[PDB]
Asks: 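Here it is, the structure, as structure tokens.
Worth knowing before you read on, the calculation uses all heavy atoms, side chains too, and leaves out hydrogens, waters and symmetry mates. So you know, we letter chains A, B, ... as the sequences are listed, proteins then strands, and number each from 1.
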Amino acid sequence: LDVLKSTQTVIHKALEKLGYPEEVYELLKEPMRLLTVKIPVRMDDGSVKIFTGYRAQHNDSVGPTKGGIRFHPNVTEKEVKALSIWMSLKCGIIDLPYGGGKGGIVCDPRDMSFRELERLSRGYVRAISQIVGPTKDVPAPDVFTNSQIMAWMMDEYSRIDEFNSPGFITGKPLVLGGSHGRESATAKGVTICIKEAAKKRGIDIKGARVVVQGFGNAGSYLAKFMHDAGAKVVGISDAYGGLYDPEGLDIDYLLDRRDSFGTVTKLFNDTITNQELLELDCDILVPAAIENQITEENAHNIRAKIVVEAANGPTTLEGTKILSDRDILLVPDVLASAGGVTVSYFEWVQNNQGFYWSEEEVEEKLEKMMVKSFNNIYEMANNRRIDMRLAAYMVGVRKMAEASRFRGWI
Amino acid sequence: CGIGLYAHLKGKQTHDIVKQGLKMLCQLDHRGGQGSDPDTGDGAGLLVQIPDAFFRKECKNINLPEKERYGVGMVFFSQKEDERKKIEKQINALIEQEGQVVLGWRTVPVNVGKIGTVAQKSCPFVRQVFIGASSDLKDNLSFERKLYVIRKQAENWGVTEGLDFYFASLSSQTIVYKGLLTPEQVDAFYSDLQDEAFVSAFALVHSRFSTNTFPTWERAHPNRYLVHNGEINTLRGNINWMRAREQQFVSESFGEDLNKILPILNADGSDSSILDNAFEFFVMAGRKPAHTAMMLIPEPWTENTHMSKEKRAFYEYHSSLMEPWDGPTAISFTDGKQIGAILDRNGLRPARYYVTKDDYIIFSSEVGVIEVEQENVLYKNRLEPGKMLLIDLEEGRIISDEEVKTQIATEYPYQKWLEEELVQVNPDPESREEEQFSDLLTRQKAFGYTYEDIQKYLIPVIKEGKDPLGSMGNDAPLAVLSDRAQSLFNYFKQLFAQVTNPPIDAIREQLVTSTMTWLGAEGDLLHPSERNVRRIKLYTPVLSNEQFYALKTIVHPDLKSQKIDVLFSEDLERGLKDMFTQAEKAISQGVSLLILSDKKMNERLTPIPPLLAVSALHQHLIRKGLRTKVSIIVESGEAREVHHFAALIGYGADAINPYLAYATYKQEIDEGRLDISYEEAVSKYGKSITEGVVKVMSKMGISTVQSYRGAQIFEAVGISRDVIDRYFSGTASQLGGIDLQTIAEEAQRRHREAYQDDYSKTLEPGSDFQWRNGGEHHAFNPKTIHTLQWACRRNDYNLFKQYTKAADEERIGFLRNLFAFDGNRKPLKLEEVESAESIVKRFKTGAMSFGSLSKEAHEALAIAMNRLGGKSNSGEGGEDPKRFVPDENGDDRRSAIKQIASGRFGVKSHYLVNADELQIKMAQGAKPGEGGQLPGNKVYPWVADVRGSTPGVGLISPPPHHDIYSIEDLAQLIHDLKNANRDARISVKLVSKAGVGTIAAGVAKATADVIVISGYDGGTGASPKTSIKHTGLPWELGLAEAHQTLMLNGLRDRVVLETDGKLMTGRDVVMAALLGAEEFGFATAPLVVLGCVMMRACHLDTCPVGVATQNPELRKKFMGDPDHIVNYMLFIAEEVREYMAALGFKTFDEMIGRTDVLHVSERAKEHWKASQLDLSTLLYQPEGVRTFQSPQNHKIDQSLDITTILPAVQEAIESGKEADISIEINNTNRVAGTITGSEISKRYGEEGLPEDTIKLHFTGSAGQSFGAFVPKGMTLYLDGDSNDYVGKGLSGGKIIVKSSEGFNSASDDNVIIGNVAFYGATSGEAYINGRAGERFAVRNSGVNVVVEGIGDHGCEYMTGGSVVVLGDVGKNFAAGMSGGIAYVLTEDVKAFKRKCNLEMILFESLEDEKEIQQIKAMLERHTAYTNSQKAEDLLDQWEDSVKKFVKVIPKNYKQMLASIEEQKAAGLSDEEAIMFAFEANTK
Ligand SMILES: Cc1cc2nc3c(=O)[nH]c(=O)nc-3n(C[C@H](O)[C@H](O)[C@H](O)COP(=O)(O)O)c2cc1C
Ligand code: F3S
């Protein structure tokens, strides 16, 4: 209900800290292009259903907008605008030549079918075809979207434009112009941030104790990366509980027994709950799981020197304040989870060139980009006695404000 | 019974190998049982190589080409000749069409006069046909494929034409001679074997048991390729999966021959035959025999950390295309040039082999099978679980299992394929939506939820992490008999493993189980590559809402999903057919997931019963060859119980989503209760449900959900056979029952009332495990309880009559209540019938453990039974020796019947001898396939002393009898018990189920004096509610089946039949007698007489009447008296007398078996669903004897103890003087000492005799159960080796086993002892000079042993004593260790710890001087009695040996001992110190 207001508040605070006037905030608080469309879709039963779609473009001064499309019944204009602004912030943090964009459709994919989903995706692409393209707006997947939906959208756009346009949409399969590293991008970015934070704090990664809350794809890849780097993972968690071993957890065996959903717990063995998993003795803590897990009660009980928010908003304002008081280095999600956006940008670059890179090239480029962003944010937060979250917000808004001023919009 | 093989490694062919093979068969014949007559061949067979020289010599007309270019057939034909020549002509035509040449035919000479009457009558005509290979076939594999195709075509043509001919063997390298012949009769029947021209590099042999007395020549094996010893419990699922995959099979090797060989498996064949057919088909498909064996019976990879990465990848890959063939199996296969032997995953069968210096291998179940030279023996080993014994004749060497497995695993990149092709379903984290409906109450009412159901099944599951317990098993009527509408789930009852296969302990053997499930479409099984593992895999079939949504929204074109709403309005058949059409359309479109949903249902549309829908869809897809291309997800509100989930999985469901249960949990959380969060509640519910399903599988012994899914381990009660065949094919329904219209009517009724329900916003209270006014009827209602108590306390008769009337009439509770007497006879007077004093002698009080009950109730029941002349049963908790002496007042507390369970807690020589009947509890009604668990807080000192355990230490009773892995093992145990007490009756207690009649026939063959049938309504002190309610069948069906089968097989006169389970009235007793029961059991009613009010709180140790609790405060409230039990029994007997007088029967034997007196009552016909039952199955009287007459002559005479030991030991025992003697022993001498031990115990008792008084030396190989129940004073020496069950139930004494003096190889490397040793042992010591097998010291309770290595599952359920292992240890060591101490010597402490189970043990080092001295003395005695080089070296290097030793001790055991020692030091007496420590540790 207040997501847009909160985003506006953080934008205002960042602009005030940077010293920009109020006209910049007036321009950047709301997107300058919001489109609402009605999509008629023929269903399997033969009836026709009218779906509602939204597409918001926060800014285009830096470059073409970059956004995602989510198929949820609770989508709203306010949510779409707020997430477009957040995407702009992420792009500015990573220093991409992108703006912020966000798409949404009011639907229930659980009740929808394969052919109905294809028809809905095509209809949405048609409705927004007038303001999107490889040079205007680049969509990607979000909740209840995947490579098949991206491929359907790409086919729709090519069928409209009379020529193939792989760069119009990212998140595609490899055969259609996808990029390697699309699955381990977030985990690799989190690993890079963890390594940089450890270097800054003097903690040696060799033998460092890491706890990961969440063993999905991101959690599994992150645990594998720490194990390869030499850090010891002393705790993991899944939907059924967690495990604890100060001397190591045998990540190889855990991954071998890992199923599709990421379950690794045994049946007749007691498990460790997340509440006391977060309180374990470790140097690095990584919540990549459900949000609102760190609060006042557990902030003092947390024993981690570094906390990295792999998931979205796993920490509250009070928890951040307490961690800052306790001198615990917090890595915000807006920075940690930018690996997916970076890999989508690499896919866009590959589509533009016609040349597709390899896993090693993607790895090294992502490493350099994330390291530069992390170092810039850390230097900003050291020069100004503020938090990394505020520093990241300022870095995100600076590029957009400067581009708008240069182009003369304000 | 058993298997064997005598072979030469290098391939040298002789006739002595065949002669030795028949000798092994003759030796193994003793294992099998005795049928109607001994001369009839129970079943035997011999497989050998092709005898080219003999064929050339004996043909003289057929031009036989060189070895591998011609094949030999072997056919059993009917005596009729016209059809014989018809089939011969057809076979020749098929051969000519295939292009191979018909060399000719031959007739095998047969000596019919040497065979028994039945086998003489059934003897077929034996004719062989010779096939010559065409020049085109360069390789022998193509020729073998052509012969296989010819044989399959001939068999298909024969079954189509209805002709009865069998192809015993048709190969270019193997020939089989088999039939209903004894080992001695085989050679006589086949005069060819006598000829010296018979030469073969190997000879495999098998002898059967034939549970039934009507075997067939075809069913005998060796089969075409392999011999199988044991049973298969996943046969239905294996058959269904194979027949589904056969349609999709595509092979280049066979080309278009797949259409000819489409059936693959024979529907009417046995488990072994079906397994052999699958093996041979896969071998010809292009798979090596070892690879095929590994794929069919894979090792346990899930939950097993002792397996290498390559092997784990291989087995995980092959689990995606072939389900395991679970069960106890020992398999020995051969292809002419290669021979292989393997065991099941759990290794539940014995297999020992010798390798000699002359390149000869002798492998068999037993070890003392043939005479061998010790100086010639090289290796004495055994077939370890997960290890393949492979021999290649051409290469002339034994190929190591490690080498074979490594090559097979590394031949492909299985690990890389699994890593790459796996698909992830990582759900979005911000898509969370806690689902609620706002019509939750309406849906709950529609699906049958109740306040009791919630508060007593869902909340306890979250709280405790396990299925809630219960007591006083189901007294309510069946679903078919209940007036109230019932779910289709309640019509299906879980089955269990009683005999021919044991159950397993999933918790203790988790390394063997696997819940892994595959979702998607299977790849090309014959030619698999990558795509076979491009599917989804789950660790738990139960799906949360988020997982379900992710699966639905995968969208992946290769992984597509379609949703089908399983709803109907009027035509259930129509609804099912639309579901079928939708499934076929989705499959054609490419969908790989089918989601059957009950959602979107309203008053007009009611949901199809999910069990019926899943079963129908599964059968349809299996028939159409499309099941393997899809997986089934269920989204139903009628899924909240372990029984529901298990039924859905077993009838086809791949995954389930209990959305309504999740919604109920969410509502409870929201309204304040159940503070735990929604996510943790969902996860806990899923884990608990999966654990319950695993327990349900363990009941039948199935260790893998993959196999359980195909297998149908449920039996319907009240479902029409037509409906069963249409949708539940393979399921058993003895009485048929309701139809699809009735099922739809019930569902519609429940839905309609739930959706209308316009008065109340509350759920009606349940009546499943409690009695509520206006609820479901309960047999032990308050009215009946109080009437019975008042009648027994008055000694009044009209009150008892009122109670009997209420129990019998006014409701339909049991099947027997549907029967009415004819009423047209000649009534007599009450004075012309036998007296109640004689009648009561057939009654019993039923087994009830001392721990479960109180001392007062147990002694009261025993006193009442002894006074009345009946028999009382002591449970599995042992007995107090002081009760064996009658009190001065004349009351006797002794229990006539002594029970033998898997725990073997109080089992001892004294305990066994001080009895008249020894019962073997194969299963009980409430918890048939389960074991038990007694927590330390419940293990009071007055119970621990009786059970020979430490107070405050938990006790675990394993589900299976580790001795009883099959009917032969049951016979062996019966023989051991008879040796222990020759003056006692051996009883076997089973639970009613399908096939129980055949099992009873097998038991009678195994020579059990008494057979007891228990209904599923029987009581218990503690058991899961799902097991109580949904497991077992009424005793009526089982009793009728057992009676009919025994009379048909001519074994009824040899055994006494008993029944129990809700026998509350003389009418019930009369009905049981008419059904064919001579004895009757009563357990619950005596408790109610004593004061039980059916509180169903026995498991809580809070009985308000002091009946089922050990609390002294509650025991002080006990008011029961034996006089009340006496009055109850006398009233029952008077009722039986009155009924007999009315029916015109003078004696119990006269009335027994007279089912003609019964007819269906008008009430059953009036009933709207009980009128569709066919009770003619129970109303059937075959001609024969209907009462026990033959005393079941045992083989006590001719035994070694009677012939040699006793005549030279009786005087010594009587005089109390020393006596040393020596004998030569062979495998036929099984027990060898139990009779002498029993005599010693009878003469003296527990004190026995002074140590080393009687000394018995034995030279050679001993049989099963050597040194069993040997008390103090006896010392057995064994120069040689021994078989399984060494030291079983040891009650003292010494057992020493030393390797033969002529065997110079390392004893610590060579095997000397069988698998199970010292099972249930209580006291004594032993010294073993060599490695032992699996399950060493399973239930030891004080015996101290020294052994040079052991197998897997060592020290499983030990509660006392010590074990010293001077060698390696198998995996899962100390699995269930609650007491005792194990000392293991090893170099790799890390490896030893990894092998051991870490759940409930600690690792320490030898620091105590007293312990070190005790171990040193034990080793000194061992080396003195054995001359052990390892022991001598350790004693020499004692300083380093102590350092390198490892100690294992349970935490609770250590703590309790420390507390007791501290109190003793403080200066407290033993009783008070023990009590204080127990209270402190169990506060
Ligand atoms: C409290 C209680 C404990 C029992 N314990 C055992 C037992 O330990 N072993 C066994 O085989 N049967 C046990 N039973 C079952 C009875 O001994 C008997 O076999 C039968 O199930 C009684 O049926 P009924 O309750 O309908 O009379 C127990 C029954 C009760 C009520
Ligand atoms: S049901 Fe059990 S708890 Fe007592 S009142 Fe009866 S023995």
Side-chain angles (χ1 to χ4, degrees), chain B residues 433-462 468 479 482 484-490 542-545 548 565-568 596-611 613 634-645 647-648 656-674 678 681-682 684-686 688-689 746-770 772 774-776 1025-1026 1029-1030:
Chain B
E433 290 297 342
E434 306 199 359
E435 175 188 41
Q436 200 64 278
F437 306 99
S438 84
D439 39 308
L440 186 71
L441 195 77
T442 295
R443 286 165 188 277
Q444 282 168 342
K445 283 161 162 26
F447 288 117
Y449 287 56
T450 63
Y451 183 83
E452 184 239 11
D453 260 350
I454 286 153
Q455 282 288 317
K456 306 296 233 298
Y457 197 89
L458 299 175
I459 309 308
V461 157
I462 298 324
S482 95
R484 314 162 98 77
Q486 303 248 316
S487 30
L488 193 65
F489 286 112
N490 296 333
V542 182
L543 284 173
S544 72
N545 272 336
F548 190 63
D565 284 294
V566 283
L567 314 163
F568 79 101
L596 321 185
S597 201
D598 293 352
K599 261 155 147 182
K600 301 176 339 180
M601 55 155 212
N602 47 70
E603 211 171 348
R604 291 288 65 61
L605 298 160
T606 161
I608 296 160
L611 180 58
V634 191
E635 163 184 73
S636 171
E638 191 68 287
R640 60 179 179 289
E641 279 200 338
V642 166
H643 176 61
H644 303 171
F645 283 89
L648 293 168
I656 304 100
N657 166 240
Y659 66 87
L660 191 51
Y662 297 146
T664 302
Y665 280 126
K666 191 199 164 27
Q667 190 219 44
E668 291 288 310
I669 290 152
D670 291 352
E671 319 251 344
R673 306 156 279 189
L674 201 62
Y678 176 81
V682 164
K684 280 159 135 70
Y685 183 76
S688 303
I689 293 284
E746 271 192 315
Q748 286 174 319
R749 178 181 304 183
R750 201 171 59 176
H751 214 246
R752 284 151 17 204
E753 325 153 89
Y755 261 83
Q756 290 148 27
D757 218 294
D758 290 293
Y759 179 30
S760 67
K761 298 322 179 265
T762 49
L763 296 163
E764 49 116 359
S767 346
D768 289 11
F769 314 91
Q770 59 186 14
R772 292 275 184 280
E776 191 67 272
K1025 286 176 160 188
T1026 181
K1029 194 162 194 279
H1030 309 111

Asks: Aromatic rings B:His751 and B:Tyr755: how do their planes relate, parallel, tilted or perpendicular, breaks at 30° and 60°?
Replies: tilted
Asks: Which pair of non-hydrogen atoms, one from B:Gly774 and one from B:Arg484, has the smallest distance, and what is that distance?
Replies: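 Shortest heavy-atom contact: O-NH1, 3.0 Å.
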Asks: Assess the residue pair B:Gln444 and B:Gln667 against the criterion (side chain to side chain donor-acceptor pair (under 3.5 Å)); give the C-alpha distance rounded to whole Å, side-chain angles, the decisive distance to 0.1 Å, and a yes or no.
Replies: CA-CA 12 Å; B:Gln444 282 168 342; B:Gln667 190 219 44; 4.9 Å; no
Asks: Take B:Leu763 and B:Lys445, measure what side chain to side chain contact (heavy atoms under 4.5 Å, CB included) needs, and give me the verdict at the end.
Replies: CA-CA 7 Å; B:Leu763 296 163; B:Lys445 283 161 162 26; 3.9 Å; yes
Asks: With side chains defined as the heavy atoms from C-beta onward, is the minimum distance between B:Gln756 and B:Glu603 less than 4.5 Å?
Replies: yes
Asks: Give the minimum heavy-atom separation between B:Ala639 and B:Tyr685, together with the two atoms involved.
Replies: O-OH, 4.1 Å
Asks: Give the ring-plane orientation class for B:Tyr678 versus B:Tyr662, where under 30° counts as parallel, over 60° as perpendicular and anything between as tilted.
Replies: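 Plane angle over 60°, so perpendicular.
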Asks: Ignoring hydrogens, what is the shortest heavy-atom contact between B:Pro609 and B:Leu488? Give both atom names and the distance.
Replies: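 That closest heavy-atom pairing would be CB-CD2, 3.8 Å.
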Asks: Taking only residues two or more places apart in sequence or in another chain, which ones pass salt bridge (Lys or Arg N to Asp or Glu O under 4.0 Å) with B:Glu638?
Replies: B:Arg640, B:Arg750
Asks: Does some side-chain heavy atom of B:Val542 sit less than 4.5 Å from a side-chain heavy atom of B:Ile656?
Replies: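 Heavy-atom side-chain distance check fails, nothing below 4.5 Å.
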Asks: Counting only pairs under 3.5 Å, give me each side-chain donor-acceptor contact of residues 455-462 of chain B, with atom names and distances, residues two or more places apart or in other chains.
Replies:
unit_1	atom_1	unit_2	atom_2	d
B:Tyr457	OH	B:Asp467	OD1	2.5
B:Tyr457	OH	B:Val642	N	3.0

Asks: Between B:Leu648 and B:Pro610, is there a side-chain heavy-atom distance shorter than 4.5 Å?
Replies: yes
Asks: To the nearest 0.5 angstrom, please state how far the NE2 atom of B:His644 sits from the OG atom of B:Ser636.
Replies: 9.5 Å
Asks: Would you please name every residue forming a ring pair (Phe, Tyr, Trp, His ring centres under 6.0 Å) with B:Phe548, sequence neighbours left out?
Replies: none
Asks: Counting C-beta onward and ignoring hydrogens, is there a side-chain heavy-atom pair between B:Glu434 and B:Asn545 closer than 4.5 Å?
Replies: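 Counting from C-beta outward, B:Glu434 and B:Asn545 never come under 4.5 Å.
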Asks: Rounded to the nearest 0.5 Å, what separates atom CG in B:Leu674 from atom OG1 in B:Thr664?
Replies: 11.0 Å
Asks: What's the spacing between B:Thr762 OG1 and B:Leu441 CG if we round to 0.5 Å?
Replies: 7.0 Å
Asks: Show the nearest heavy-atom pair for residues B:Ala613 and B:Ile608, with the distance to one decimal.
Replies: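 Where B:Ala613 meets B:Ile608 most closely, the heavy atoms are CB-CG2, 3.9 Å.
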Asks: Is the count of non-hydrogen atoms from other residues, nucleotides or ligands lying under 6.0 Å from B:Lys1029 atom NZ greater than 12?
Replies: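 Atom NZ in B:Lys1029 is packed in, count exceeds 12.
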Asks: Within this structure, what is the CE-CG distance for the pair B:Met601 and B:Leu567, rounded to the nearest 0.5 Å?
Replies: 8.5 Å
Asks: Between B:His1030 and B:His643, what is the ring plane arrangement, given parallel below 30°, perpendicular above 60°, and tilted in between?
Replies: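 Aromatic pair B:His1030/B:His643 classed parallel.
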Asks: Could you give the distance from CD (B:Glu764) to CZ (B:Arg772), rounded to the nearest 0.5 Å?
Replies: 11.0 Å
Asks: Evaluate side chain to side chain contact (heavy atoms under 4.5 Å, CB included) for B:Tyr659 paired with B:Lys599, printing each intermediate quantity in order.
Replies: CA-CA 10 Å; B:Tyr659 66 87; B:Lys599 261 155 147 182; 3.9 Å; yes
Asks: Does B:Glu635 use its side chain to pair, donor to acceptor, with the backbone of B:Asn657 at less than 3.5 Å?
Replies: no
Asks: Atom NZ in B:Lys1025, atom CG in B:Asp453: separation rounded to 0.5 Å?
Replies: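 Reported to 0.5 Å precision, the distance equals 8.5 Å.
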Asks: Side chain to side chain contact (heavy atoms under 4.5 Å, CB included) for B:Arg443 and B:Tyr449? Distances and angles first, verdict last.
Replies: CA-CA 8 Å; B:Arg443 286 165 188 277; B:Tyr449 287 56; over 6 Å; no
Asks: Can you check side chain to side chain contact (heavy atoms under 4.5 Å, CB included) on B:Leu440 and B:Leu660, steps first, answer last?
Replies: CA-CA 8 Å; B:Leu440 186 71; B:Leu660 191 51; 3.6 Å; yes
Asks: Less than 4.5 Å apart, side chain to side chain, heavy atoms only: is that true for B:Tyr665 and B:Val682?
Replies: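 Answer no - side chains too far apart.
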Asks: Is the shortest heavy-atom distance from the side chain of B:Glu452 to the side chain of B:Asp768 under 4.5 Å?
Replies: yes
Asks: What are the two closest non-hydrogen atoms of B:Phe568 and B:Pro607, and how far apart are they?
Replies: CE2-O, 3.8 Å
